[PDB]
Amino acid sequence: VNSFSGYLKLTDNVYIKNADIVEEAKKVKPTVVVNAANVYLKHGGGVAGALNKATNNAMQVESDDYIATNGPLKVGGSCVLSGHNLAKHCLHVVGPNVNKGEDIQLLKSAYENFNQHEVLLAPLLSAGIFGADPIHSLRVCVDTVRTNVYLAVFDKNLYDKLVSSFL
Ligand SMILES: OC[C@@H](Cc1c[nH]c2ccccc12)Nc1ncnc2[nH]ccc12
């Protein structure tokens, strides 16, 4: 039993809800919140900009030190950093950004990072401003993640479409 509330169950391990991931994380304080990161951990917009803003820029400060030490992530890769006031940990995961020409096949690799954590709050990778079809992202999530994932979909109209079209 966990404290996630109001989710629709899609499969044995995947749940989905129309919610603002920032407000959800503040309420649940999950062990792991997933950020929709880029390789530079520059948290400008989308989910990343919103999470970082909610940390009063502490996420960005921590991220800049991470990059200065380690260099950029790989597309499809991840790193674990602090969750600040939102969660114990933040798993920064880089899905392909179609608006940069990146290979959508890397979306499965991106979701594989979730399997290193028993329970996660997460957005749909590569959706929104990353330019991929959210229906496809949800399919890859369900077919790749085996741990317990709670998906927050910000756009209510998109949430209804994802549920109604789910196979
Ligand atoms: O809109 C699709 C969806 C996934 C997404 C990944 N990256 C993005 C970059 C820009 C815009 C959107 C995205 N957005 C969100 N889903 C849940 N909570 C959210 N809080 C703030 C935004 C947001």
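Sorting check: for 30-37, 135-142, which peptide has the highest mean count of neighbouring beta carbons within 10 Å, and how do the rest follow?
Ranked from most to least packed, the peptides come out as 30-37, 135-142.
Could you tell me the distance between the Cα centroids of the stretch 90-136 and the stretch 1-57, to the nearest Å?
Cα centroid to Cα centroid, the span is 13 Å.
With r as the distance between the Cβ atoms of residue 68 and residue 9 and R0 = 41 Å, compute the FRET efficiency 1/(1 + (r/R0)^6) and round to 0.05.
E between residue 9 and residue 68, to the nearest 0.05, is 0.45.
Taking the mean number of other Cβ atoms within 10 Å as a proxy for protection, how do you rank 86-95, 47-56 from highest to lowest?
Packing order, densest peptide first, comes out as 86-95, 47-56.
Once you charge only the Cβ atoms, +1 for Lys and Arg and -1 for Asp and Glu, what is the size of the charge dipole of the chain about its Cα centre, to the nearest 20 debye?
220
Using the charge dipole of the chain (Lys, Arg: +1 at Cβ; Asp, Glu: -1 at Cβ; taken about the Cα centre), state which of 38, 22, 52 has its Cα farthest towards the positive end.
Most positive-ward Cα: 22.
What fraction, in whole percent, of alpha-carbon pairs in the stretch 8-163 exceed 27 Å separation?
When every Cα pair of the stretch 8-163 is considered, 13 percent fall beyond 27 Å.
Can you tell me the dipole magnitude for the stretch 125-167 around its Cα centre, using point charges on the Cβ only (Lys, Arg +1; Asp, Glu -1), in Debye to the nearest 20?
80
Can you find, among 80, 163, 69, the residue sitting farthest towards the positive end of the charge dipole of the chain, where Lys and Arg contribute +1 and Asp and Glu -1 at Cβ?
Result: 163, furthest along the dipole toward the positive end.
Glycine also receives a Cβ, built like all others from the backbone with ideal geometry; neighbour counts cover every protein chain displayed. Here, each number is a calculation from the coordinates, and none is a lab measurement.
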